[PDB]
Amino acid sequence: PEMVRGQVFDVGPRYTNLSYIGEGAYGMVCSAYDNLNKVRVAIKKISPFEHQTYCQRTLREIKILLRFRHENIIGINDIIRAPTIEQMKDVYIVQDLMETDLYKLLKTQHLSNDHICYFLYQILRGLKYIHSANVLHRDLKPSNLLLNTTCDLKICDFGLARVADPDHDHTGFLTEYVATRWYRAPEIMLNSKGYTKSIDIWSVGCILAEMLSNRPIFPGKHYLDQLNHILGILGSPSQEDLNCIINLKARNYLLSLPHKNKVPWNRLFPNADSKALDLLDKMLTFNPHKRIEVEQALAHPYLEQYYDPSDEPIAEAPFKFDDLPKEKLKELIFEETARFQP
Ligand SMILES: *[C@@H]1CCOC(=O)c2c(O)cc(O)cc2OCC[C@H](O)[C@H](O)C(=O)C1
């Protein structure tokens, strides 16, 4: 049984010659040689079975990814686990081996405008498919975007995904939220549970800004500070957009703030393509009802060299799926992974 950096990675004998890559949520990611297909692959170790929310995230991702099939979504090629529930302690997910992720790339590489445009196209193309299944990714960020050696992009990690539920999106002010802080839409902190598609478009807008400058556009340090960063750039919301926020605590918090001027996008990004900044503005719109939707974004002039709706496929059907004890959830993970046995 091979080990990498002092930890057991029990995937043989099909997968050998392991090398560290990085970290998933419940375990590390390695590369390995696939002795059957004769190519190196990526493998993620998942040890979820102690914690019920861990089991939730693992099951959710497996259920979605076994149904999804799209060029810009990384799939599941194989799942490795013990033959019996009694013996199963870890699960290993085998996926295509990519070359890097966008978080790592942006730490040292400046992107040409042609790279930015192609990455953004591919993000939106994958997102079109996800949203067409009535699913929200809910944690889009550079570390969840993988790139191969020719800059083809795939979206990773559906562990926070949910079915869209816009009729039950409303909540109170300062409602706690799980997804990554820097990519949270402003309404998360005001009145939203993040159950509508507009939550993902905001995150893509954050990713676009970060590709233009190699730095996060809104790097808040804590829950409410994230909103201060956003308002520091967008400026104060209009009366119309405030009137859309019926919750009094949220509205009165915004009314308590001094007026803030909008920072022009071309001041923040003086080298950027003007069409890219127009699309950026529409993705980083404060009012989620006015925010651009994924199919509109694909049709934006910035993406004209790539846009082709006949080559931007959608899901066959809407996706349908916690008080579930982890013992039922481990049982459910066991059953969901049976198709890859032996
Ligand atoms: C994605 C989990 C799968 O990640 C990978 O397959 C992966 C490959 O193939 C190559 C490289 O360079 C990195 C990879 O993932 C790193 C981890 C990733 O950023 C994220 O944390 C995930 O776990 C989601």
Side-chain angles (χ1 to χ4, degrees), residues 4-5 7 9 11 14-34 37 39-48 51 53-66 68-81 90-103 105-109 111 115 119 122-123 126-127 129-130 135-161 178-183 200 203-204 206-207 210-211 214 216 333 337 340:
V4 171
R5 301 194 185 189
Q7 187 172 175
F9 222 85
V11 299
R14 175 167 174 189
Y15 303 97
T16 51
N17 201 7
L18 284 278
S19 283
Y20 183 88
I21 294 175
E23 304 276 339
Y26 308 128
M28 38 175 257
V29 183
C30 292
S31 60
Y33 183 70
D34 179 351
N37 296 328
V39 77
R40 284 185 82 72
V41 297
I43 308 182
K44 177 172 64 164
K45 193 185 172 181
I46 307 177
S47 313
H51 291 119
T53 71
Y54 292 12
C55 292
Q56 293 212 89
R57 171 161 172 161
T58 301
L59 179 66
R60 178 187 333 278
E61 170 166 62
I62 298 175
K63 281 213 136 83
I64 290 167
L65 280 186
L66 284 201
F68 279 7
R69 190 183 73 243
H70 189 280
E71 285 178 356
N72 303 114
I73 299 173
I74 186 161
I76 296 171
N77 300 353
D78 193 13
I79 303 182
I80 304 154
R81 48 94 167 146
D90 322 315
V91 176
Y92 300 83
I93 302 303
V94 188
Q95 308 187 273
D96 295 337
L97 180 62
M98 304 303 260
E99 179 167 286
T100 189
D101 61 274
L102 188 60
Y103 175 76
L105 206 54
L106 294 176
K107 296 263 154 243
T108 56
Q109 304 295 335
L111 277 53
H115 284 88
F119 291 170
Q122 296 178 90
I123 297 163
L127 191 63
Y129 180 94
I130 302 170
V135 170
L136 314 171
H137 182 287
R138 294 170 91 246
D139 209 4
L140 296 169
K141 55 180 171 171
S143 64
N144 286 333
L145 303 173
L146 311 173
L147 301 155
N148 74 4
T149 196
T150 45
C151 295
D152 302 315
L153 180 152
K154 294 181 195 294
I155 297 167
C156 207
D157 189 359
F158 285 76
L160 293 177
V178 177
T180 314
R181 176 197 323 130
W182 295 347
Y183 307 90
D200 286 331
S203 304
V204 175
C206 290
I207 293 161
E210 189 159 349
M211 288 190 289
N214 294 83
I333 295 173
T337 58
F340 298 100

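Because only heavy atoms are used, hydrogens play no part in the values below, and waters and symmetry mates are left out as well, while side chains stay in. Order of appearance sets the numbers: ligands from 1, and atoms from 1 within every ligand. Heads up: numbering here begins at 1 and tracks the sequence.
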Judged by atom type as modelled, is there a donor-acceptor pair below 3.5 Å linking the side chain of [X] to the main-chain atoms of [Y]?
X	Y	answer
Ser19	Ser31	no
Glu61	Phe158	yes
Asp200	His137	yes

Practice item. Compare all side-chain heavy atoms of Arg138 with those of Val178 and state whether any distance is below 4.5 angstrom. Key: no

**Study point:** Beyond-backbone contact of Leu111 with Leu106, side-chain heavy atoms, under 4.5 angstrom
**Key:** yes

If you measure every N or O of [X] against every N or O of ligand 1, does any of those distances drop under 3.5 Å?
X	value
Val29	no
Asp101	no
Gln95	no

Option with minimal heavy-atom separation from [atom], where the choices are [options]:
atom	options	answer
atom 21 (O) of ligand 1	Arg40, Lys44, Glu23, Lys141	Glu23
atom 2 (C) of ligand 1	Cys156, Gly159, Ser31	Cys156
atom 4 (O) of ligand 1	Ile43, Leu146, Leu97	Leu146

Exercise for review: Please determine, by modelled atom types, if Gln95 and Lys154 share a side-chain donor-acceptor pair under 3.5 angstrom.
Suggested key: no

Review point. Using a distance-only test with no angle check, is there a side-chain donor-acceptor pair under 3.5 angstrom linking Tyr129 and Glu71?
Key: no

**Study point:** Spacing of CD1 belonging to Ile207 relative to CZ belonging to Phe119, to within rounding of 0.5 Å
**Key:** 12.0 Å

Per-atom contacts of ligand 1 with [X], taking only distances under 4.0 Å to non-hydrogen atoms:
X	value
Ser143	18 (C), 19 (O), 20 (C)
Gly24	23 (O)
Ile21	11 (C), 12 (O), 13 (C)
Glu99	12 (O)

Practice item. Answer yes or no for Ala42: is there a heavy-atom contact with ligand 1 below 4.0 Å? Key: yes

Check your understanding: Could a heavy atom of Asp96 be found less than 4.0 Å from some atom of ligand 1?
Key -> yes

Review point. Considering only heavy atoms, does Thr100 approach ligand 1 within less than 4.0 Å through its side chain, its backbone, both, or neither?
Key: backbone

**Study point:** salt_bridge(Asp101, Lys107) N-O dist < 4.0 Å
**Key:** no

